[PDB]
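*Asks:* Questions regarding the structure given below will be posed in turn.
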Amino acid sequence: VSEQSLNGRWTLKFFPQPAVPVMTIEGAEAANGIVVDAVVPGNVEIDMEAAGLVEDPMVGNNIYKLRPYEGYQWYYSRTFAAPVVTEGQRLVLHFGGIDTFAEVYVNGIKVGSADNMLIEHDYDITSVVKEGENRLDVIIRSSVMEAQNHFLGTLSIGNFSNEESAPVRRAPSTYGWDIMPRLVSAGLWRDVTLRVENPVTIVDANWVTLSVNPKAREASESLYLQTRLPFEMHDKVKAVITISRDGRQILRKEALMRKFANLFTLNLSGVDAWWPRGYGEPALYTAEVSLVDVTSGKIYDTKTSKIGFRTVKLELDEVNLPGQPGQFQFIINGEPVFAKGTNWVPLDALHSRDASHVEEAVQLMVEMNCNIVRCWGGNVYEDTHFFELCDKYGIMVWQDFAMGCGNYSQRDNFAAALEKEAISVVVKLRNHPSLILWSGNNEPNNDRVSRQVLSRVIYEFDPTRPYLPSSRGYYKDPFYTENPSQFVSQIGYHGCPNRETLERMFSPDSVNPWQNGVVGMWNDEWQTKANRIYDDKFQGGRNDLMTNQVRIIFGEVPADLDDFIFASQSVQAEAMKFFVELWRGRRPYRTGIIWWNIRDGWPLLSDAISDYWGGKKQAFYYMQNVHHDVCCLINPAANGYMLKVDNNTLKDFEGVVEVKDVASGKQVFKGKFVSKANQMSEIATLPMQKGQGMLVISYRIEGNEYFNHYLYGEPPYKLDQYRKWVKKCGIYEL
Amino acid sequence: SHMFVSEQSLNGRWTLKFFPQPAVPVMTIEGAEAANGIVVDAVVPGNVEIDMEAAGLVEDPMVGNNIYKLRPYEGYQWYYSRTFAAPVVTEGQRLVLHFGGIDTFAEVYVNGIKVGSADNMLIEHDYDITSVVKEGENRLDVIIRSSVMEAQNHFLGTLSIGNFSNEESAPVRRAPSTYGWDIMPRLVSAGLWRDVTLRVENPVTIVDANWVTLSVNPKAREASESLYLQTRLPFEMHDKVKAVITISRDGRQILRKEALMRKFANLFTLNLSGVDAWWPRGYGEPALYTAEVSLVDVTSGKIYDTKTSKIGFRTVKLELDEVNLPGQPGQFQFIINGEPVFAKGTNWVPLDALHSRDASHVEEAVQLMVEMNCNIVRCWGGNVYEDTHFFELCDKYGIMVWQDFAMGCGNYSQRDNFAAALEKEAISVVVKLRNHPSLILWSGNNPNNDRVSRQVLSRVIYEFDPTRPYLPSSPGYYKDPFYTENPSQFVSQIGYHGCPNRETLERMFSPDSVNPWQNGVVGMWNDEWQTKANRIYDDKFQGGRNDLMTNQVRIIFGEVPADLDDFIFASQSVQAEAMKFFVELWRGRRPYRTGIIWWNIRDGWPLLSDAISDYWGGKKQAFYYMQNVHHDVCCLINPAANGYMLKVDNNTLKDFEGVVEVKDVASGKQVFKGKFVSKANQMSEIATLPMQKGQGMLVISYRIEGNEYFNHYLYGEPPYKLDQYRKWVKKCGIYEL
């Protein structure tokens, strides 16, 4: 009926938390602290940096300066004008995100308490609001100190996930990880609105695709409609269901409301199925349900969403390692699909800025041609707009519940707070066709959280998607080339980011990685930029992976910064391309490959192919030519090489292919291949070449020339000769 | 027979005030009297529509489309009010207000003090009103709220939305049928539907007396009974009260045991001799023994409490089958007292949509199963758990009972709040009924991840009734392979439609609607005939469930008659032949088949249904056909691949001899005659009969121990001439028009 936004400029008052959390407006106002101007949605640090109280945490060795504020309390306060409500209307205050532990007041009357950061919090403030100006106050307390209110188990201590994160329901990466800083932060990081609800309102509209037939263009969509219906409005309200696409109506059904909950089955015709990238087009149809009066025609409530007709099933392998992880394949609309995609790490430590990055970051997966994406359980749950873009661009979604690496409490209190979070996120996202699977991310089979709690929520609230109770040297080491997992989550390879980002994330005297000139030893800022979480001065650790991989492939490690960037990005590009080629090259058995990762969430040194500021590394372009729907590649063989072609679509393709040595120009093979649909077809057994070099391949499919290469030989290689081969190949630059 | 020192009844004339429920429901006496409502005279035990039909507030729902008129009352509140005289209580005594039934959500008040809040209509509710009652006149107030609006205080799951069970029935603990089914009308109703009494308990009182049969030897007349007695015993009365156990039958005392109460809970192991076992119908006698336990002072001899009940020495065991379909429901057999019994009985659907009238129907409805000779009955989980008197009659006539927990066909919640309500309900009904020898099995109906069926209800049976099995899963042409090739050994035979007797049609339908065909066109039904096929909600359509009546008479008799009397004979004969064929098919396919539970012997409302008897006791033609195929020893004929097959079935533990004569009723030509030896508790094939020509009927006349019994078998293939089938029936002489 009405949704007045409460986003804007608020009043933030922060002060160190005493031994007893204030938890009262009086206490908060009486506390001696600093008052600055805030912005909702926003994270406290942003409101302080705009006021000049803190320095930029994204520049080198400044993330640590935000340490004392992890034990501070925050006091958001504003005034709003309440809307006039008629008899029977509700007035709901909606918070999209409170980080995290906070008490909510309306006109000095507590209307609720917040204990989660990943889900929404709604409060009925109808009987507490006055006419005219009303006051709204929330009192956030230290999340780190809330952990000491619980007794951890032996399993919950010592894991990479910080022990302060085990008893609380916040994103584990905020407490620190290999790929993101320790910036716990706090605040209203999402929208804050006011809603008016008529006595006849729609509580939930759950769209479920029973069946779908791509041929003959048929589908069967069900609507699980739950409504709040006063008994005098029974038999007097009718539900109006409308399926449309680009204004054109496809189906319209009306039925009289005779009970609060109903199941309306719709057998549609002339509709297209929703397919992931390559295997078809993302067909979306606007589905709208309305509760209107049969007499006056008044529209009491209307809910609208873009749905898609898709059936998902997880076929488990029962021959090759029947119980081991990875022995599964996704079946979409009866067709077994091959999954190639990235892992979705946080878009920002200050998660209030995630909404601004979701548009450009999803476009990274579009150019990358990813048909899947796994939202890592260390990040907050993305909002509905992320799933709307994944619906639009046909990128399937693998959602992990927000639980990091480690075991969690087995007691009733933790299981209750988790069930509340699970039911909230499931009902919110169970209508997006991109979403295909929920996961527990355990790595025995006794964790109640993974085999009783998160399972039971899916059993009752989402029976359409499957639930899984559980999830460094030479890239050709048998460790990689013999992993029996059909479906794999390949680890990343470290790569120095682009030079432009180095000069922005590091101070001018620390841009050079080698401190005092000695190659191999990293300065303090370069050590901090791998997170380090706490400022424990030391040498080595994670950054040594960058020089070890450069040493394995290119003999030594260069001293010049420009040459070292080319080295680290090349060993990352060839490694990732080799991993994707290997799994696509065994596609009859290999079922999918998700890799790590496509974009960072902070200016840090990492194993990603693109940084926070959009600086695409070389590994992005190498793998972009290996994610094409129809792609030719070369895999190592027992007695030579093997030229293959993989097809991740439902259509057959024909074309020619020409491979030849780039160092000399001698042609190795040229022929005509027939790439059958949804399979890998072997072209010919290319003969083993001699020494080292690179084989440039060029295949034409339906009047379009595509390119790819293959590095042959055994390391070490001369770096100036690899740059010579890449430039003469004429595919990638730098 | 729990001898409380005082039990004063509060049943009788009450004061009912009903009014539409506002946004926030009324829960206080202040708001109840202040609400603008309507006051009439009520009767307890009773339902609100019974009290409103009196004084002319509503027309008879049992007649024509008058039911849907009760719709606005589903959002009404109901305020029962009364005044009672408090009995005198000595120091240490307790005054308990007993409620046998409260449909459903309600707040109970005594002298303006809330003594209780209710949320279930299937379990009893007791409250201690010692510290709230005064002397003389006390006021009793009950404020019942709308059950339908309570469902909107819960969020249902995808599974709970869209089942044959109303979505409103899932979050609430009420009989699912009330919200409307296909065999019972929509009538949520409300009101105190069972007794309301005042009880005075002594400080020394019996909390529970649980009788358990550990072993039984029918030969030599031996048994081993256990008594799990829990009492309320003040510590100063320890070592001063003795328990007196008395097992007796027909006045003669079998066992008497005295023991000093040295603790509140005890177990008494009894090894009796000269006692008979309790058997179902056919397999023996329903031997019952009156069991009495008393708490009496060892010095003064004053009896503080006595609890008496009749029990039966019987052991039940469910034998599973891991050879043919290991794990599929229907592969089991009941073993009573070491013998595998064949179950032939009915499903038990509600006796009345206004369940306050159920108690008046149990006596006659049970008698229907006695003449029917049912050794088993399955109380459907849409009815309300019946009261002790129903199980007492099953104990008396040897009818085993299969009780299903009141759960709907659909899936339910898996959260803690619903499970807590269901555990309370399960413990209450189990402790109440765990002493009846008739009860043999509990079922939760309903993958296997359901907390309700595979945890909540199982845990209860585990701790409170480990003597009975618990099953966590339960369920055109009548010779179609859909019926004749059913994999289940223990089957729940789906019923066939049958037009009720003519006298019923004239009483339930208006005079202008007694004829079924509106506008005279055969095949189309008038609105009343559409509603009486149970159309929960008043949505006008054509056909639907009623079309099954004409489809069956069209397959069997070619064309549906245009005369009402001939249409009755058609629909009742296609049901009589179908259900007779289903029972003869399972009784003839033993020992693989283990039992058949047909649906249904009696309806709970004047409706057109698949039953063999209507709400007013009108036995349809199928009722008499089934009686000749439900005898202890029965001769029948089954279809074979290259002919027929004359068989005899025995559901007793005794052998029998006799002679059988099968002849063609039309020609009079004898097809077979000879002596047969029916061994006990098994099926014996007599001989293969040659394939008779054309259509007709074979009459079976077999005598056993100087008693002539009769049966028949209709051969040929449909369609048949209706007047020729009537000719064949009259020629047999077994049944009547």
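*Asks:* Quick one: if the Förster radius is 22 Å, what FRET efficiency do A:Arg353 and A:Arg195 give, using the C-beta to C-beta distance and rounding to 0.05?
*Replies:* Working from the Cβ atoms, E equals 0.30.
*Asks:* Dimensions of region A:198-265 along principal axes (Cα, Å, largest first)?
*Replies:* For region A:198-265, the Cα spread along each principal axis is 45, 24, 17 Å.
*Asks:* Just add up the charged neighbours of B:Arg726: K/R +1, D/E -1, any other residue whose Cβ is under 14 Å from the Cβ of B:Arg726. Before the final figure, lay out each step's value.
*Replies:* Details: positive: B:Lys721, B:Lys727, B:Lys730, B:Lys731; negative: B:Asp563, B:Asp565, B:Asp566, B:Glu577, B:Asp723, B:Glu736.
Charge balance near B:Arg726 sits at -2.
*Asks:* Obtain the nm distance between the two label points defined at B:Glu485 and A:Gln679 by a simple spin-label model: each point lies 7 Å from its Cα along the Cα-to-C-beta direction.
*Replies:* Here the answer is 3.6 nm between the modelled labels.
*Asks:* Using alpha carbon centroids, what distance separates region A:6-74 and region B:330-394, in Å?
*Replies:* So the separation of the two Cα centres works out to 71 Å.
*Asks:* At 222 nm, what helix-only mean residue ellipticity would chain B give, in deg cm²/dmol to the nearest 500, using -39500 (n - 2.57) for each DSSP H run of four or more? Intermediate values should be presented prior to the final figure.
*Replies:* Working: 14 runs with 133 residues, N = 737.
Calculated at 222 nm, the ellipticity per residue is -5000 deg cm²/dmol.
*Asks:* Right, here's the next one. Enumerate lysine pairs in region B:513-647 that are 8 or more residues apart or on different chains, then count those whose Cα atoms are under 20 Å apart. It would help to have the intermediate numbers written out before the result.
*Replies:* Details: B:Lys532/B:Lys540; B:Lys532/B:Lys619; B:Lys532/B:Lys620; B:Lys580/B:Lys619; B:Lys580/B:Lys620; B:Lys580/B:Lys647.
Qualifying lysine pairs in region B:513-647: 6.
*Asks:* I've got another one for you. Semi-axes of the equivalent ellipsoid for region A:645-734, please: Cα gyration tensor eigenvalues, times 5, square-rooted, ordered largest first, whole Å. Each step should come with its number before you reach the end.
*Replies:* Numbers: eigenvalues 142, 40, 28 Å².
Result for region A:645-734: semi-axes of 27, 14, 12 Å.
*Asks:* Residues of region B:669-712 with amide nitrogen under 16 Å from the 7 Å Cα-to-Cβ point of B:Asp655?
*Replies:* B:675-685, B:705
*Asks:* So, one more: Given R₀ = 25 Å, what would the calculated FRET efficiency be for A:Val84 paired with A:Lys238, taking r from the Cβ atoms and rounding to 0.05? Let's see the in-between values first.
*Replies:* Details: r = 28 Å, r/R0 = 1.11.
Once the sixth-power term is evaluated, E becomes 0.35.
*Asks:* Taking the Cα centroid of region A:607-644 and of region A:566-604, what is the distance between the two, rounded to the nearest whole Å?
*Replies:* A separation of 7 Å, based on Cα centres.
*Asks:* Which distance in nm do the two modelled labels at B:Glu33 and A:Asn107 give, with both placed 7 Å along the Cα-to-Cβ direction?
*Replies:* Spacing of the two 7 Å Cα→Cβ label points: 3.2 nm.
*Asks:* Using only the alpha carbons of region A:548-663, determine the length spanned along each of the three principal axes and report them from longest to shortest in whole angstroms.
*Replies:* Here the Cα extents, ordered largest to smallest, are 46, 34, 24 Å.
*Asks:* At a Cα cut-off below 20 Å, give the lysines reachable from A:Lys690, other chains included and same-chain residues fewer than 8 away excluded.
*Replies:* By straight Cα distance, A:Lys690 reaches A:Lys476, A:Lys660, A:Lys666, A:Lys670, A:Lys718, A:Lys724, A:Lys728.
*Asks:* Right, another one. Taking a temperature of 10 °C and a viscosity of 1.306 mPa s, what whole-number D in µm²/s does Stokes-Einstein yield for chain A with Rh from Kirkwood over alpha carbon pairs? Can you show the working numbers first?
*Replies:* On the way: Rh = 28.1 Å.
Rounded, D is 56 µm²/s.
*Asks:* Among the listed pairs B:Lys219/B:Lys344; A:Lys340/A:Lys577; A:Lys340/A:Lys651, which have their C-alpha atoms separated by more than 21 angstrom in this model? Let's see the in-between values first.
*Replies:* On the way: B:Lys219/B:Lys344 25 Å; A:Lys340/A:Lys577 12 Å; A:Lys340/A:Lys651 18 Å.
Beyond 21 Å between Cα atoms: B:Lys219/B:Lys344.
*Asks:* Below 30 Å, Cα to Cα, which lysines can B:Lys263 reach? Residues fewer than 8 away in the same chain don't count.
*Replies:* Filter leaves B:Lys240, B:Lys242, B:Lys302, B:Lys307, B:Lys310, B:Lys424, B:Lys432.
*Asks:* Sticking with this structure for a sec: Kindly state, as a whole number, the per residue volume in cubic angstrom of the convex hull around the alpha carbon atoms of region B:256-309. Mind dumping the intermediate values first?
*Replies:* Numbers: hull volume 6.2 nm³, N = 54.
Dividing the Cα hull volume of region B:256-309 by its residue count gives 115 Å³.
*Asks:* Percent relative contact order of region B:209-354, based on C-alpha pairs within less than 8 angstrom and at least six residues apart?
*Replies:* Details: 284 pairs, mean separation 31.4, N = 146.
It comes to 22 percent, rounded to a whole number.
*Asks:* Which GluC sites (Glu not before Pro) in region B:660-737 pass both tests, a DSSP loop state and at most 12 other beta-carbon atoms within 10 Å? Please list the in-between numbers first.
*Replies:* Working: sites: B:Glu661, B:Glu685, B:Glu705, B:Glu708, B:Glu736; in loops: B:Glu705, B:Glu736.
Listed in order of number, the matching sites are B:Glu705, B:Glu736.
*Asks:* So between A:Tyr732 and A:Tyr589, what do we pick up on full extension, going 0.36 nm a residue minus the alpha carbon distance?
*Replies:* Numbers: separation 143, 0.36 × 143 = 51.48 nm, distance 3.13 nm.
That works out to 48.3 nm of additional length.
*Asks:* May I pose another question? Sort largest first and round to whole Å: the equivalent ellipsoid semi-axes of region B:31-92, each the square root of five times a Cα gyration tensor eigenvalue. Please report the intermediate quantities before stating the final value.
*Replies:* Numbers: eigenvalues 205, 48, 20 Å².
Equivalent ellipsoid semi-axes, largest first: 32, 15, 10 Å.
*Asks:* Simple spin-label model, 7 Å along Cα-to-Cβ: B:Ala640 to A:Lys428 in nm?
*Replies:* It is 7.1 nm.
*Asks:* Also, quick follow-up: Find the all-direction average of the projected area of the Cα convex hull for region B:46-131, expressing the result in square nanometres with one decimal place.
*Replies:* Working: hull surface 29.9 nm².
Reported value for the Cα convex hull: 7.5 nm².
*Asks:* Send over the Kirkwood Rh of region B:429-522, from the inverse of the averaged 1/r over different Cα pairs, rounded to one decimal Å. Please list the in-between numbers first.
*Replies:* Values: mean 1/r = 0.0549 Å⁻¹.
Value: 18.2 Å, from the Cα pair sum.
*Asks:* What percentage of all Cα-Cα pairs in region B:346-424 are separated by more than 21 Å?
*Replies:* Working: 1062 of 3081 pairs.
Above the 21 Å cut-off, region B:346-424 has 34 percent of its Cα pairs.
*Asks:* Hey, could you grab the Kirkwood Rh for region A:283-423? Inverse mean 1/r over distinct alpha carbon pairs, Å, one decimal. Don't jump to the answer; show the numbers that get you there.
*Replies:* On the way: mean 1/r = 0.0541 Å⁻¹.
The answer is 18.5 Å.
*Asks:* Starting from region A:239-304, pick out the trypsin sites (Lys or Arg not before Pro) whose DSSP state is loop and whose Cβ has at most 14 other Cβ atoms within 10 Å.
*Replies:* Numbers: sites: A:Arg245, A:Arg248, A:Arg252, A:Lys253, A:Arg258, A:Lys259, A:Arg277, A:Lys298, A:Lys303; in loops: A:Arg258, A:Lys259, A:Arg277, A:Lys298.
Of the trypsin sites (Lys or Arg not before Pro), the ones in loops of region A:239-304 whose Cβ has at most 14 other Cβ atoms within 10 Å are A:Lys298.
*Asks:* Could you pull the Cα extents of region B:252-361 along its three principal axes, largest to smallest, in whole Å?
*Replies:* 62, 42, 30
*Asks:* Taking only the C-alpha atoms, wrap a convex hull around region B:1-109 and report its volume per residue in Å³ as a whole number. Please list the in-between numbers first.
*Replies:* Values: hull volume 15.5 nm³, N = 109.
Output value, Cα hull per residue: 142 Å³.
*Asks:* Could I ask something else about it? With r as the distance between the Cβ atoms of B:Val298 and B:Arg249 and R0 = 22 Å, compute the FRET efficiency 1/(1 + (r/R0)^6) and round to 0.05. List each step's numbers first, then the result.
*Replies:* Values: r = 28 Å, r/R0 = 1.26.
Step by step, r from the Cβ atoms, then E = 0.20.
*Asks:* I've got another one for you. Calculate the dipole size of region A:198-322 relative to its Cα centre from +1 charges on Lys and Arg beta carbons and -1 charges on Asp and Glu beta carbons; express the result in debye to the nearest 20.
*Replies:* Numbers: 17 positive and 15 negative charges, 74 e Å.
So the magnitude is around 360 debye.
*Asks:* Given q = 0.15, 0.23, 0.24 Å⁻¹, what are the Debye log10 I(q)/I(0) values for region B:140-187, with equal point scatterers placed on the Cα positions and solvent ignored?
*Replies:* Here the Debye-derived log intensity ratios amount to -0.43, -0.86, -0.91.
*Asks:* Whole number please: convex hull volume per residue, Cα atoms of the protein assembly as shown, in Å³.
*Replies:* 234 Å³
*Asks:* To continue, here is another question. Determine the distance separating the Cα centre of region A:109-175 from the Cα centre of region A:85-105; give it in Å without decimals.
*Replies:* 15 Å
When we count neighbours, we look across all protein chains shown, and the Cβ atoms used for this are built from the backbone with ideal geometry, even at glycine. All of the numbers you see were taken from the coordinates with simple rules; none came from a lab.
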